[PDB]
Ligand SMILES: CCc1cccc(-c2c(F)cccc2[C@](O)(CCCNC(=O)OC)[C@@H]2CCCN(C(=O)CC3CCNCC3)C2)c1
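Next up: just one chain, as C-alpha cells, the form deposited without the named molecule.
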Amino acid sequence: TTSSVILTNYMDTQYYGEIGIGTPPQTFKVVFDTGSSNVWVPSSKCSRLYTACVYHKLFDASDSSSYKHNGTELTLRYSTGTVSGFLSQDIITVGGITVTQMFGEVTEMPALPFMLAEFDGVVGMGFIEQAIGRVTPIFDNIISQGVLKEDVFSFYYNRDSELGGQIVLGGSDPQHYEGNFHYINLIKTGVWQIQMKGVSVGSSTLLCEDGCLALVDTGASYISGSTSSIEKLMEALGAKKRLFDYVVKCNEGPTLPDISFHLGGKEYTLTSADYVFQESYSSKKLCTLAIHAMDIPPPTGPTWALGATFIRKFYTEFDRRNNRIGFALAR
C-alpha cells in the first residue's frame, strides 16, 4: 500500500501536515522531522502562562477513549528550541494509516520559537536510536504493521503561492520529480546523515576540504553549517550579518554565484534563486538568505544540515531498507 500526507507551506520556512490523535480523533498540525524520532503535541495540562499553549491546539486524553496512561517524563532537545512533558499512548492516524503510538504530552513550551510556529507539534521520522526514551518511532510501527509497499518515504517541498508539499509513506510520486534518483549511503546508521566531499563557492571549492558530514533535515527551514564554514561562505557571496540571519542587497541578489554540494560523486547545485529570498530588487532594502550558521554538537555534529532550501530543488527519498538517501530534481 502507499499513503500520502499533504503539507502546507508557510513562507517557505514551515511545512506542516495533519495527523489525528485519539477517539474521536483530535486534529493537530505537525512538521515531519527527519532530525528527531519522538512525536509530540501540546497537552491540556500545559499551563496557560506559557503563551504558546494558549495559541496552539491542545491534546485532551479525557476526550479520547483509546488513550492509555504512561507517566514517563520527556525533554526533547532540538537545536532551536526545547520542550518537556510526559509519555502517553493513543492511536494516531497518519494519512489513512492508523497506528497505536506513544507520544509526548508537552507541558512546557517556550514562546521563542514556539510562538512563531503555525504548527502544533512534531513527528520524528528518525531512527530509534536518537529516539529519546527508546520509544519506538512512528515509521517503525507502520513498518511493523506490514501495509506499505516499500520500507521508505519521500518529501516534496514546493515554492509558495500568492499545493504546498507532500510526504508519501511507502514510495515516491513520479509527478513531483524528474529523471533518475541517485542514492548516497548513510555513513552511520541511526541517523539520516551522509558524507559531503566539499561545498563549492562559484569556482573555488572553498568549503569542505578533506570531507564533512551532511544531515538531511526535513525539519530545518534553511541550509545550515558551522559558524566558521558559513563564515567563509558568506565572505564569498559577500553578505552582512544580522541578529541570527545573513543578508544582501536585493539589487545584487540575482547576481550571486552558484553554490554546489558534492554528494555521492554527483553534485547538487543551488542557484542564487534557490537560496536567496528575493522579496524585491531595491538598494535600500536587504534580503535574507536561506542559509544559517548553526553549531551542532556531537555526537551528531558538527554537521551541515540540508533542510528546506535544498529539499525544494531535489525531491528526497529516505530508503529504510537499504539505509540510504536518494535525491532527484523536483517538479
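Shifts are known only where both forms have a C-alpha. When you see a residue number, it is the position in the sequence shown, counting from 1. Rigid core here is just the name for the largest C-alpha set that superposes within 1.5 Å across the two forms.
Not on display, but discussed next: the form deposited with the named molecule bound.
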property: Residue stretch of 177-185, 201-209, 254-262, 216-224 approaching the named molecule in the bound PDB entry, non-hydrogen atom distance within 4.5 Å; result: 216-224
property: Contact assignment for the named molecule in the bound PDB entry, among 117, 94, 167, 239, heavy atom within 4.5 Å; result: 117
property: 4.5 Å heavy atom contact, residue 79 and the named molecule in the bound PDB entry; result: yes
property: Residue contact check: residue 31 to the named molecule in the bound PDB entry, 4.5 Å heavy atom; result: yes
property: Contact flag, residue 23 vs the named molecule in the bound PDB entry, heavy atom cut 4.5 Å; result: no
property: The named molecule contact in the bound PDB entry: residue 15, any heavy atom under 4.5 Å; result: yes
property: Stretches between the shown form and the other one where the CA atoms of at least 3 consecutive shared residues shift 2 Å or more, core fixed; result: 79-81
